[PDB]
Amino acid sequence: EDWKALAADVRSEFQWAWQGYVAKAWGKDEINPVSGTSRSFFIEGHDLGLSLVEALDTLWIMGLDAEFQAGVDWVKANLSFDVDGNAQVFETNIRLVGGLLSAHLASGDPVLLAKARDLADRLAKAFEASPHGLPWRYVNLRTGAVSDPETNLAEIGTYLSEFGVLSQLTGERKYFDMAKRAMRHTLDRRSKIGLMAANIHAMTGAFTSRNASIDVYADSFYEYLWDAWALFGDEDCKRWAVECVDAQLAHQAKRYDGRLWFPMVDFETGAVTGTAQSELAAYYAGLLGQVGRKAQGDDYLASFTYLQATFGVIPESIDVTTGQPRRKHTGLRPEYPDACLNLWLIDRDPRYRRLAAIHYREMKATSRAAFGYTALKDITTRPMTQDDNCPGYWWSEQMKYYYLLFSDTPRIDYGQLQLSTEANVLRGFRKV
Ligand SMILES: O=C1NC[C@H](CO)[C@@H](O)[C@@H]1O
Ligand SMILES: O=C1NC[C@H](CO)[C@@H](O)[C@@H]1O
Ligand SMILES: [Ca+2]
Ligand SMILES: [Ca+2]
Ligand code: NA
């Protein structure tokens, strides 16, 4: 395989998709690339240029400089967060705060930092509304009013990378501290077997379920422990990352039909409490490698490789007891090449490139639409039927992962590269 040629194809396809966004959805949150229309993501009828923001670091890394600058210039002229509407704190941080930060780090443009910080200050109100510092799920961007305290580990614990970078750049430790305090809350309440339930109440500070998970509602909490060690040298986070993964390997790792899975378990007793695994769990194969459990990470990756070989597109959810789909639609999901990149950064094994190339080519074969790339309706029909949405994360995640895996671009210091859970580059840009 000529990896450089494949990288050039990824770049060409990304530029083509960008052109569709400009033509049909300029300044809007998401393109619906089958109909050639747009939709809002955070606040209905008050778009915040989501996909444009998500795309920026990807554009820069690919050397799509005119496109990058057009997006940055749109942000500088147009993007405001003084909006009387409710935004989901978690999504707003990982997509918009993180997307502005990566664009700031690539370009050096102070305005992008000013806007990231303005947004983080609006989100901070959600943390301040809890006596525990656990953020409420929604906040009014203008007024600070909060709603829905019945939250989860991912939505209380996927801030430290973006907030910590804000603290580094601004000099104000308050961001780092607020994010770390929320994670410490649940870690301090681990069971005797070292697990946390995934569901937590922001006001009582108590768990609201008994289910420990590595999967949706928890996932990126575990990443951000490791990532805070990597980015900030935080010794507590290093310890916690390893402890949490050790507990998961002891109590959640189970084999079904010869394949490794991590079903949900009772956080105190370790009894299996669910049989589903989502596609989104594939991130964990990469995290396992990062924390020094690479053999287990490769074993887990292999479970998803099997799903890809069997089903073409990895099912959005599977039953681990049968290895078959629980849902037929998809979200055009990036977690398989996420894992491939993260494991490849350890040893540079070309196997990961081969696996990611399958994934990219399958994306082209299934999700291509008139004006971009779309999520799927039914992976079981041939052809697979399509829905009509390009999720914002596509612009930050899988095209970037493919390009990083194939390009060996001089724009990134691969030894220093750090990616958020939304693939925002938070370290490793090499000035041109
Ligand atoms: O981002 C995704 N959907 C939202 C979940 C948190 O509620 C999160 O865990 C998942 O990765
Ligand atoms: O961590 C998150 N999970 C869900 C999305 C990707 O599927 C994206 O928002 C991010 O990766
Ligand atoms: Ca992620
Ligand atoms: Ca990660
Ligand atoms: Na991005």
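Indexing begins at 1, ligand by ligand and atom by atom, following the structure's order. Each residue takes its place number in the sequence, starting with 1. Side chains are part of it too, since the values below use all heavy atoms of this structure and drop only hydrogens, waters and symmetry mates.
- Scanning the protein for heavy atoms near atom 8 (C) of ligand 1, the closest one is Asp219 OD1, 3.6 Å.
- The distance cut-off of 3.0 Å around the Na ion (ligand 5) captures these protein N, O or S atoms, sorted by chain and number: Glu54 O, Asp57 OD1, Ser396 OG, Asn424 OD1.
- Listed by chain and number, the protein atoms of type N/O/S under 3.0 Å from the Ca ion (ligand 3) are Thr421 O, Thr421 OG1; waters are omitted.
- When non-hydrogen atoms are compared, ligand 1 lies under 4.0 Å from neither the backbone nor the side chain of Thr421.
- From the protein, the heavy atom lying nearest to atom 5 (C) of ligand 1 is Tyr217 N, 4.1 Å.
- For atom 2 (C) of ligand 1, the closest non-hydrogen atom of the protein is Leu280 CD2, 4.2 Å.
- Looking only at protein heavy atoms, the nearest one to atom 7 (O) of ligand 1 is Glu155 OE2, 2.6 Å.
- Scored by the side-chain contact (heavy atoms from CB on, under 4.5 Å) test, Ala145 finds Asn140, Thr143 as partners (sequence neighbours excluded).
- Counting only residues at least two apart or in different chains, side-chain hydrogen bond (donor to acceptor under 3.5 Å, both in side chains) contacts with residues 19-30 are absent.
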Salt bridge (charged side-chain N to carboxylate O under 4.0 Å, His left out), that's the test. Do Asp118 and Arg122 meet it? Break it down for me. CA-CA 7 Å; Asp118 174 82; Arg122 297 170 191 284; 2.8 Å; yes
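- Protein heavy atom nearest atom 3 (N) of ligand 1, with residue, atom name and distance: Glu91 OE2, 4.3 Å.
- A cation-pi arrangement is absent between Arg259 and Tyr300, since the terminal nitrogen or guanidinium carbon is not both under 6.0 Å from the aromatic centre and inside a 45° cone about the axis.
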